[PDB]
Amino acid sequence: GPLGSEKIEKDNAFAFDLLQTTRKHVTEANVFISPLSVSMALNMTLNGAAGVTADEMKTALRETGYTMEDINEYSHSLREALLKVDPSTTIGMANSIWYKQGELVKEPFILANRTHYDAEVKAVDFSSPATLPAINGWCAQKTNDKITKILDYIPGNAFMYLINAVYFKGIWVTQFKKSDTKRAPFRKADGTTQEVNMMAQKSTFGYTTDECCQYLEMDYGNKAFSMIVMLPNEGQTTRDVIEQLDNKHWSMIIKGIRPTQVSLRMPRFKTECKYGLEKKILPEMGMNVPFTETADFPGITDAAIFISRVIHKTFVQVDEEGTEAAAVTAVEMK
């Protein structure tokens, strides 16, 4: 229903729109995001918003027409499900709120976030040399030290940080053997070729195809989590895959997957990304007013505050044993 299947479709619509919009505005070869991390940090912040500030956040998050109660209860249920579905996979979903000591932050806002997001709430002195390492140290603690800094500086007039950290460490159901990894060429997006450590195995994997691409599903642990790989055919591009992705296309891939004997070649790879989502990406998705002096957050404080930055950092490492991935999203308010 609306607070079940329909909200998952809207969240995956947010995932595809966030990927498409990020890809449009960044120039790097690699893109790696956690839409779950971004929407969780923004939904904590949304509990304080009123009027058009709240409407524009809900538009960007694909949550128009949902009440705060329903967004919070859905977020709480989703988090609980992800944390317990597979004890053989390591999953972390942590949330924290850091605010200026001595300022009054409304208790219903704090309690909603403690309840539905298990947010750790801390009143800190932003001028103390202890505060930046406490915040960055929390990020390191919640990402197995894969994201060790979310901030390089705290502006003098900082009011609050709302931070989410998603962590994943899975072991392939069918691991590659490092002794089968060989040096091989990989064609880069810029047309040059590089030599990589190409992992290899032959096994049963979920597989399907469509006009553009081949698709593979690689399970982890107890098969609750998996990796979907979209490999464009010769002459087809990843840009076209990204631009055509939506709930319908994703549903068609998932429903088309069949167990198939596959000769798989996959590079060992790692990437680390950093975004300032407030600059162009969230505004293009419809979030404008919350980044301006006309933002209204009466659920947080009586003072006029706004979102100055939405920092999103990610990490992923894929190897013969599995995958380790992490994301941190920090919403800065001043």
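One rule holds for the numbers: they count along the sequence shown, beginning at 1.
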Inset, instruction - Going by the average Cα B-factor in the PDB entry, point out whether 64-72 or 32-40 comes out higher. - result: 64-72
Legend entry - 242-250 or 80-88, whichever carries the higher mean Cα B-factor: 242-250
Inset, instruction - Sort 304, 287, 273, 46 by C-alpha B-factor from the entry and give me just the highest. - result: 304
Inset, instruction - Sort 113, 164, 141, 204 by C-alpha B-factor from the entry and give me just the highest. - result: 204
Inset, instruction - Comparing against every modelled residue in the chain, figure out the third that the C-alpha B-factor of residue 178 lands in (lowest, middle or highest). - result: highest
Inset, instruction - Relative to the other modelled residues of the same chain, rank the CA B-factor of residue 225 and answer lowest, middle or highest third. - result: lowest
Inset, instruction - Would you mind ranking residue 292 by its C-alpha B-factor against the rest of the chain and naming the third, lowest, middle or highest? - result: highest
Inset, instruction - State the tercile, meaning the lowest, middle or highest third, of residue 308 with respect to the CA B-factors recorded for its chain. - result: lowest
Legend entry - For residue 99, the third of its chain into which the C-alpha B factor falls: lowest
